[PDB]
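Below: one protein chain in two forms, given as structure tokens, structure 1 then structure 2.
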Structure 1
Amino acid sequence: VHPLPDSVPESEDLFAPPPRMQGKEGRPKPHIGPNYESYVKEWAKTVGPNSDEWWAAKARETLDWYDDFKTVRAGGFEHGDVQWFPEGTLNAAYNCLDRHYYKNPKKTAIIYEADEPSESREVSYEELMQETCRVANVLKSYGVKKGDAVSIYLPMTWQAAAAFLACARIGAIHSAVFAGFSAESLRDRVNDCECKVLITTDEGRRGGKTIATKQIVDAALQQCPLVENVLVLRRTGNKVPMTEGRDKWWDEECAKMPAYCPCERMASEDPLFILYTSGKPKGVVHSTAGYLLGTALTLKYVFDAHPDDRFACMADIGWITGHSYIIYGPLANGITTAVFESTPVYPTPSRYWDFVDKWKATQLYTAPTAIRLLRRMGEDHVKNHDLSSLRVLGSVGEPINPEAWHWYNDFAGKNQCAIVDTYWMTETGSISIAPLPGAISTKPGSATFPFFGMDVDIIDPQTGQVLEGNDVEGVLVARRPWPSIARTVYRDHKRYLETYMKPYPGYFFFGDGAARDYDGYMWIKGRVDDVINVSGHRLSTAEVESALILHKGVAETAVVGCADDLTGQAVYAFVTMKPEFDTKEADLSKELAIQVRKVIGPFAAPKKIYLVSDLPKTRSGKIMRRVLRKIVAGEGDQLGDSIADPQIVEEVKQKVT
């Protein structure tokens, strides 16, 4: 097991857990706290030679079992025979519904925030359980048996959770297809899993717009010879084509069925679901006990969930984030979870914050792209909200840039929430690296430290060897299986082994580069700068960038730091001009430096300043500051990469050279 830091010393780059995460002002005392060493003390129990005791206790405390397990773990990466709690039997729907309904039937399971705010409402655990049971009985009437695949093409209405959990209740293997997918993408996933049954809607609604799901379904199913039954949810009631025999209305089928259904006794390692990635699509297969446990534990510790919290994950159930942090994680824990059907700016950019104040959301889990869009829309939509019910603000998707991080921290959090950067993928099942909000001091853009059960290291790809120490960079690997790791790729285990297990034998290969900084913090896809120290002057990329943007001809700018034998660190700037601008190029690099000095002072000049045609960006619009930083460090050849306009990196490489 790779040792973590003994301690993390204080510094002006660390954001210590704020009062709401200290059990102050009436907030729940955090599960893990109050400092780095408290996280390490508990985490050390979850990896290494004595961790079976911790995992056996956590599994028996977190989940209800029909049969106890005897063995904690077995198997490994080499052959893809990972086993957790193998002799145990349980049911995911029993753990997400039944046991809570028996304790408090009227507790809210789902906050359904409809596309039109006026149509939003609460769904009790009882109501959710009854709809799940009805749908499960409908599936059984179709002949769906334990182990059969069932495709789900559903938009973000609360019944999506019933659809998922009905498959789980009877031991079917649900395969959720994102409701924005085209007919060809839907077709390819429905064929590959060989399901005979599809659950979908007549239409979806999102951002005041209609998604024509049934129209798309009909197109795909023309090339899907095995699908015999389609269960159609009446989300909008508008006229849509229905195929006699094949297609049946959700409401009419469920009305024939009783509102209870027994739970199938599933082995820990029976498959729970297939989820296709977005070569050809691969069905990542997750089993039951270990996946369910990982999501329940991660939701509890990474977001410091307590029994009455109201968790708002603004993702989609078609992706692993929705599987894990809308449905399975929070319902396993018996709390309230949000199914959010709209966009961040429908009807207005105030939508997230009205939501948070209406339901008193205690945690929010969103994507940097939504944060960037709300920043673009301005402070008026957010600054006069209350938002104090929030304790933790989480980030998921691409690694976040400091500018979105600070906007999140300042405006959504009002500098009173812990910001939880999370790193994981469909194949890890649950969050792999993230701060525990009550214990870890944060750095903008950094995932910090591995979660319980995660033993990660950094490998030099040019040598294959583990890199020891802090301030190292390479590719991220995991030394041992964890309970929620994916067990195979559906009917293509060879692809599972070659992709994840072959490149670094003995390790799980995430596919991402990472850096471990001098404090031991993890930096997925590279370190990103926030405050840079040029000759004892603490300047932020934000300060420098907004000084540059004052030049009336400047369109976009991104600033990075790098070591410097004169000023300790130095500031390198990349600037793009607006097209209304014609002015020799060197007389511009001299004109912007003077402009930065006029605003910030003589020692705030960037050491170098590169005029480029555009900034390197991903398809989401995110500026690739981490790449710009590596290029300045001299690692343009050690970059990697699948994004927007690869000529720009070569352009940027040519200008810095």
Structure 2
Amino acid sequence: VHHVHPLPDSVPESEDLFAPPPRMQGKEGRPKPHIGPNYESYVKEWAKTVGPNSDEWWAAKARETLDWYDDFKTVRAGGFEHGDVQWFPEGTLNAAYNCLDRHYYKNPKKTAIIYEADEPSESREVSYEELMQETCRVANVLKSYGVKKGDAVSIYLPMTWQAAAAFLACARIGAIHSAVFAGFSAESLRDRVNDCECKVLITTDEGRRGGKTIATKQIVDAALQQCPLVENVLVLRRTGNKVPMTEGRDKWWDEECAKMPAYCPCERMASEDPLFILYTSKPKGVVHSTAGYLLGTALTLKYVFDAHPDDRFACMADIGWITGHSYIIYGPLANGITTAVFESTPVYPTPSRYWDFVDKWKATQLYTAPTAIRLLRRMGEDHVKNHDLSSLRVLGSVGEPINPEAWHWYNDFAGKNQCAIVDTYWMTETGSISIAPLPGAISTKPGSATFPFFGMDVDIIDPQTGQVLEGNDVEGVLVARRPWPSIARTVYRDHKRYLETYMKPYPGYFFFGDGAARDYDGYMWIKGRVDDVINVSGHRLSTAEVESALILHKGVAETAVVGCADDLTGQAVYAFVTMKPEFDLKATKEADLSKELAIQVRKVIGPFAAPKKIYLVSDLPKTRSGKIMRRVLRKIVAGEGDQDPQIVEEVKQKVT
């Protein structure tokens, strides 16, 4: 009789525990896991990484994992209270040296980047030699513009391989890159370009994604009319179609680079020099420093994905997201392996694209978001069932709770029940993965992140008392007790917002902003955003709970639940429901559908959790990174409609 339940699943709990499969046991010729074979092997190593004697392990990992120009003396200092976190502060290094040069010197012809172009036939392999040469040319171009160590440089590039060169060119010279999702509006770009006070911007003439053109240079020209500090724009000729160019201000990437040497020295950076600003969707400029962030991405890539030297790591996200920062560029390249830069969408030209890609390149790990998974689940198993896919050993999911229904579709079809599924919980502000199974050690539960990564010591606080809940079978809000190497160091020029958002809600701790539970086995369950909890008559419902109930119903593709004021219950659950496209809405009475959905939620969660209203909609408002914008739904249901962008107009109409 447990207080904490797993996310609703149609599989009974007793048949729902997944030991590392043979591909993660060193069988069938696969590499032996770095950590394994059981929970105890994870604990035995994890315990070295937290607490009063963890400096020894961190100093050793720091020294074994990165090439340093100057050694460090102190392992860590500072803390949450004033936001003065420090790691390896006396050391010096360069992120570009660690992600390129050192691997170029060992095996220059090894592939750094699998460039999977929007059109499959234009894909190709980019070696470490080629990536480094292009990075050095661009660095030299930036130096020629007068960019100095510590200057900010904005990046508005789509998912072409040169995006990594632009990141690493900034890192190479100590410039602070600020990457913005290609396709963000001129207004969103202007706000982020203005906030970081950059003088140089790197972009493309046009982007291509899913057979559509992103008019990047045209968007840039609109933003720059309200960005008085930008003096130089470097324009990558991605499509070659005619775009406006401003004399003096704008230069073609290829023509600037052709004038420059193909080597450029590395600036020697202090461990705590800023490496980048990454605005989250007022715009919050999240700042990461250099050594701790790089170390955290290198270690998490290695251990969470059990990366080995010949691996071909395929993270399918966008470099505008922290996920692309940490697990397309920095993490994999720091480890010297091969990494995918995926330019297209999961369904272009067909929903078989991910799997055609895996079998073409023999990818050994695939990493994507629940939104993509549920998208492909909606599209039917014909596009996946007849692929090989046996080069994969680890399938990861990042960005939101993964409903057990989607977890199982991932495990059965993408993994053919032979891959480990790593559900990776973290945030832009954590730098690298915070809670995840180690795939060779941890028996997984559908929808659970399982146990904290090395250096992470997390706790559950009761938000109603402000006090920590000791033990297992407890739920509340997730906090961390101690800094870890890759935590964000500030919000750019707004340190007060940093302290107030993360350090002040529960003094002594870092506050993630997510509801969480630790079950009787000690497994962590991230249940959704705290802001998204719905309090019905005292019962605190999480989004992941109710949404996982609704998706147990045949035909349901995706849902989102938001609360709203109710005189009788305090708050009422309103559900927005997306059905598969072939589901006959005329042959099933809408009222009949919502009655069955209500009964379904009442069975697996309780009599109080049924939605007061259900809205059938064709899609849900989502961000570029695939987050469902529940805050948008909540505000429309609250009648505060004034406070795929076309999807908002549809919701506002169905609710009225």
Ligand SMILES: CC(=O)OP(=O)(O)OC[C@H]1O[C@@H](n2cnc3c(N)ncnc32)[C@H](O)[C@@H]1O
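When a residue number appears, read it as a position in the sequence of structure 1, where counting begins at 1. Rigid core: the largest C-alpha set superposing within 1.5 Å between the two forms.
In this pair, the copy labelled structure 1 belongs to the form solved without the ligand. Only one entry in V217, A514, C313, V544 has its C-alpha moved by 2 angstroms or more between structures 1 and 2 when the rigid core is superposed, and that entry is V544. The two forms, fitted on the rigid core, differ between structures 1 and 2 by less than 2 Å at the CA of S38.
When the rigid core is held fixed, the Cα atom of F574 travels 2 angstroms or more between structures 1 and 2. A movement of the C-alpha atom of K29 falling short of 2 angstroms is seen between structures 1 and 2 when the two forms are aligned on their rigid core.
Core-aligned Cα shift between structures 1 and 2 at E12: this is 3.0 Å. Superposed on the core, the two forms differ at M377, whose C-alpha moves 1.1 Å between structures 1 and 2. Once the core of the two forms is superposed, the Cα of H79 has moved 0.5 Å between structures 1 and 2.
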